[PDB]
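Asker: pasting the structure only:
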């Protein structure tokens, strides 16, 4: 009855009004309708779920959706996007190199 620390979104790079794409052969993403970024976090931290342990994700505030990316705007074979009301959540411990 109190996730308190459960939410891990406080460890990702927060960049609202900013999202990311992908152009490399070994780079995909994941999407799930949702309510707020806080949610994506729990759904992003829980490893053993994303092929990339969810290194970064995004929350569409006008679409209440989630988009976990295996990388961040720093990764390669990839690029950043927008969405007006999206959200960029790149885990700092996973910031591609």
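Answerer: Good, I have the coordinates. Numbering: from 1, shown residues only.
Asker: doesn't residue 59 lie inside a helix?
Answerer: No - if the criterion is DSSP: H, G, I helix; E, B strand; the rest coil, then residue 59 is strand and not within a helix.
Asker: state the distance from the spatially most central residue of the chain to residue 64.
Answerer: Central residue of the chain (CA atoms, centre = their mean): residue 57, 0.6 Å from the mean position. Residue 57 sits at a distance of 14 Å from residue 64 (criterion: CB to CB, to the nearest Å). In this view, the C-beta of every residue, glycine as well, is placed from N, C-alpha and C.
Asker: could you do residue 15 as well?
Answerer: Separation of residue 15 from residue 64 (CB to CB): 18 Å.
Asker: more neighbours, these two?
Answerer: For residue 15 versus residue 64, neighbours defined as other CB atoms under 10 Å are more numerous around residue 15 (18 against 13).
Asker: and the residue lying closest to residue 45 once chain neighbours are set aside, what does it touch?
Answerer: Of all residues not flanking residue 45 in the chain, residue 8 sits nearest, at 3.9 Å (CB to CB, 6 or more residues apart in numbering). Neighbouring residues of residue 8 by CB atoms under 8 Å, 6 or more residues apart in numbering: 41-42, 44-45, 91.
Asker: between those, which is closest to residue 27?
Answerer: residue 91 (15.5 Å; CB to CB).
Asker: count of neighbours near the closest one?
Answerer: By other CB under 10 Å, 22 other residues sit near residue 91.
Asker: next, the contact list for the closest residue in space to it that isn't next to it in sequence, please.
Answerer: Using CB to CB, 6+ apart and skipping the chain neighbours, the partner closest in space to residue 91 is residue 12 (4.9 Å). By CB under 8 Å, 6+ apart, the contact set of residue 12 is 41, 44, 56-57, 89-92.
Asker: next one: residue 44
Answerer: Neighbouring residues of residue 44 by CB under 8 Å, 6+ apart: 8-9, 12, 50, 54, 57, 66, 68, 89, 91.
Asker: mind telling me what element it is part of?
Answerer: Element membership for residue 44, per DSSP states H and E: helix 37-45.
Asker: gap between that helix and the chain center?
Answerer: Relative to the mean C-alpha coordinate of its chain, helix 37-45 is positioned 8 Å out (CA atoms, centre = their mean, to the nearest Å).
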